[PDB]
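A quick write-up on the structure given underneath.
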Amino acid sequence: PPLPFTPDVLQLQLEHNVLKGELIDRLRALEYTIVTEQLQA
Amino acid sequence: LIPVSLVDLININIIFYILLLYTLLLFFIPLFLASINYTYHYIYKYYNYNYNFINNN
């Protein structure tokens with residue numbers, strides 16, 4: 001196959017779903033901080 | 001000597017002086033407190049939460 005190993009689809013969807021929210025929640029914090037930069041600018 | 005006097009010990013005129021002085025002080029306290037410190041600017045600029053992500057792989 002293309003891969004050399006057997007991925008555990010449950011643990012990958014777990015990390016993917018957890019990491020997705022951490023990225024969206026990070027962008028919301030950055031948009032929150034950009035508001036103070038486009039005010040100071 | 002003139003300032004050596006018991007009349008000048010409890011002089012009501014100086015008491016009026018003190019009264020008006022400290023009433024005006026009280027009136028102007030909220031303007032004495034109106035000095036800005038730049039410490040929360042420092043906290044906003046320098047406080048950086050850990051932005052690294054978790055990666056089990």
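Of the residues in region B:15-25, not one is assigned to a loop (DSSP other than H, G, I, E, B) and either in contact with a helix residue (DSSP H, G or I) (Cβ under 9 Å, 6 or more places away or on another chain) or away from chain A (no Cβ under 14 Å) (or both). Say whether the condition of being surrounded by 10 or more Cβ atoms within 10 Å (Cβ to Cβ) and over 30 Å from A:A29 (Cα atoms) is met by at least one residue in region B:4-13. The answer is yes; a qualifying residue exists.
None of the figures in this text is laboratory data; all of them are computed from the coordinates on show. So basically every Cβ, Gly included, is an ideal-geometry build from the backbone, and we count neighbours across all protein chains shown.
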